[PDB]
């Protein structure tokens, strides 16, 4: 008995940002989520997320990162929740052996981003607590940093709801019925209709996009983050220990300085268990890899942060074959917008993606360059 302008299915990182953008424009919006965001079942918990700007993954990512950054600063001003701390982001790796480092350096040059370049002992001297070999080099971005991701979603929700967005929690969408002039969703709590649909179900996109007649390779991965007791005189945000994403011979790791004596947070990016989001084991430590992969990094590169394990979190990535996002209209339904496959690096962009999704839903087009995120691209298979 209630026809909405837009329904957003999956009110997480991308969905809640879209909800905020839509509500701000007086668009009558319903957001439906299987839980009550922010929560610990999806891809947005573990407290913190890196935002960096020197994005070597593709030129289209840079303006999206910079727009997202400005949007995060706007959110900071609009809410009482903490959104962003400017820790800086450090990227390091062996000289001439890391594509990730090389691409980051190239991106900073190409887009005139403010960065410091240093190598070997310079890294260790500037940040006590980091121990890299002399043959390592680094690029440091002073103006990027750390987002409080759960706070971001909660702030967007509070703001969207205040503007009149409706949020239906603990409600799993089970099926879709799409018409030329309308959209319909089916849930155990009831059916809802709108003019437009945004689909942003995270890891569950890999199970439920088939109900929209889509067959896109999306693989969900179990990705843990550990929290460790650290030397506060070295690893605290207060002493300018940076956020980091680094490439070493056995893969990519990311982490965060200790905030308020919380301890250093570390994750292993390039490995995770292939899982199903409905059967994933969400206890940290159930596989030996959970703790051991992290300690192997810390004992070598950040020895003073290799203390007691305080706790861990179990989170999910959803990967496409090319590790680029999917942000596009449904190829058969212009009234259906898809946001999927953020491939473990989407959160920093979620504010900007919210903007893109709102524009696609309302106009079928966006001012942003999203060509590399096309749902019809051959590399998606």
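Residue numbers count along the first chain shown, from 1.
For the segment pair 32 to 40 and 345 to 353, the entry gives 32 to 40 the higher mean B-factor, averaged over Cα atoms. Set 141 to 149 against 284 to 292 and average the Cα temperature factors; 284 to 292 ends up higher. Each of 189, 87, 250, 169 has a CA temperature factor in the record; the biggest one is found at 189. Out of 243, 263, 93, 267, it is 263 whose C-alpha atom has the highest B-factor in the PDB entry. The PDB entry assigns residue 156 a C-alpha temperature factor belonging to the lowest third of its chain's modelled residues. Annotation for residue 6: C-alpha temperature factor in the middle third relative to the rest of the modelled chain, per the entry.
When the modelled residues of the chain are ordered by C-alpha B-factor, residue 127 sits in the middle third.
In this PDB entry, residue 114 carries a Cα temperature factor that places it within the middle third of its chain's modelled residues. Split the chain's modelled residues into thirds by C-alpha temperature factor. Residue 238 is in the middle one.
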